[PDB]
Each structure stands twice: as structure tokens, then as C-alpha cells.
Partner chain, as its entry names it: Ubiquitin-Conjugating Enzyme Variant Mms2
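Shown next as C-alpha cells: one chain only, the form deposited without the partner chain.
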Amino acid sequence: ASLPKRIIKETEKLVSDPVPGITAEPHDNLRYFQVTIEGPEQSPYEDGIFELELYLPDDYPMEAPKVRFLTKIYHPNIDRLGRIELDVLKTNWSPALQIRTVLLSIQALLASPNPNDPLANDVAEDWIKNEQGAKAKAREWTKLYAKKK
């Protein structure tokens, strides 16, 4: 019946105290957010701004926020449907964490692709053995799909 005070407080901090490089705004329903993350400087994603959707389930904060890239990205730990492989969005999520924590983790993942992760997707071998080609493809997909800075 009433929107939880915790969601109201987190939203207020996201809009009034943004994480550097990250924007997060409600899409009047405070369970749906439009997020942007700047491609980290000196990463292959540096010339783009990536768009993401974030949803707070009815059982938030016991249930993790659901986050997905809208922007198609070439990365070993994010699939071609924009699903993010992070422990902080799965088994390490707890109510002691916040939305800003997940967003900081996703930004850090863009700066630190980990093709050795046992869950890394099928671009990982190219990333490890043909790093120049893989980074060029990540830069190309930034150009094709991301918003420009």
C-alpha cells in the first residue's frame, strides 16, 4: 500500500548525490529506473555512454535489484541481452547493500573485463588470445550502440 521509506531514501541519494559517471532517475513509479554509466576512460568503452534499466522487485531489499544493459555491449561478463554476471547481483546481495553499490560494481566491471571468470561468455577466448582484436570490437560496438559523450 505505501512505498517503503528505504526506496524513497535511496532514490533521493541517487538524484541528489550521484556516483561520478553514473546517472539514475525514476521511470512516477520508484521501482523502475533509467541508469546511464559513462564508459570508463582508457577502457575500450571510453567514447560511449551506456544505458541500463534497473527494477526494484516487490521483495526489495531482501531481493536484489534487477539490472540489464539496454545498450548492446561486447564484454566477457555481460551477455548480448545485457545480463550482467556479478556476485553482488546474485548470492552476495543483502539488504546491507544499496543500489549505488551495484551501480559502482557495474562501472568497475566495464573498466575490468575478466575473461578468465569461469562464467565468462564466448568472447573470452578472443579477449585472452587476441586482446587487440577484442578491444577493437568492444570500441566498435561502443561506436555503433552507445550514446556519445
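Residue numbers count along the first chain shown, from 1.
Counting the unmodelled positions of the deposited sequence between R80 and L81 gives zero.
Once the C-alpha B-factors are averaged per stretch, 102-110 and 83-91 rank with 83-91 first. If you average the C-alpha B-factors over 45-53 and over 92-100, the higher value belongs to 92-100. Compared with the other modelled residues of the chain, the Cα B-factor recorded for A124 ranks in the middle third. In this PDB entry, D117 carries a Cα temperature factor that places it within the middle third of its chain's modelled residues. When the CA B factors of the chain's modelled residues are split into thirds, the value for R31 lands in the middle one. For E12, the recorded CA B-factor ranks within the highest third of the chain. Only modelled residues enter the ranking. Among all modelled residues in its chain, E25 ranks in the highest third by Cα B-factor.
Form solved in complex with the partner chain: not shown, discussed below.
The partner chain is not drawn, but in the deposited bound form it has a heavy atom within 4.5 Å of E53. The closest heavy atom approach of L81 to the partner chain in the deposited bound form falls within 4.5 Å. Looking at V102, you'd find every heavy atom of it more than 4.5 angstroms from the partner chain in the deposited bound form. Residue contact check for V67: one or more of its heavy atoms lie within 4.5 Å of the partner chain in the deposited bound form. Looking at 28-48, the residues that come within 4.5 Å of the partner chain in the deposited bound form, counting any heavy atom, are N29, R31, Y32.
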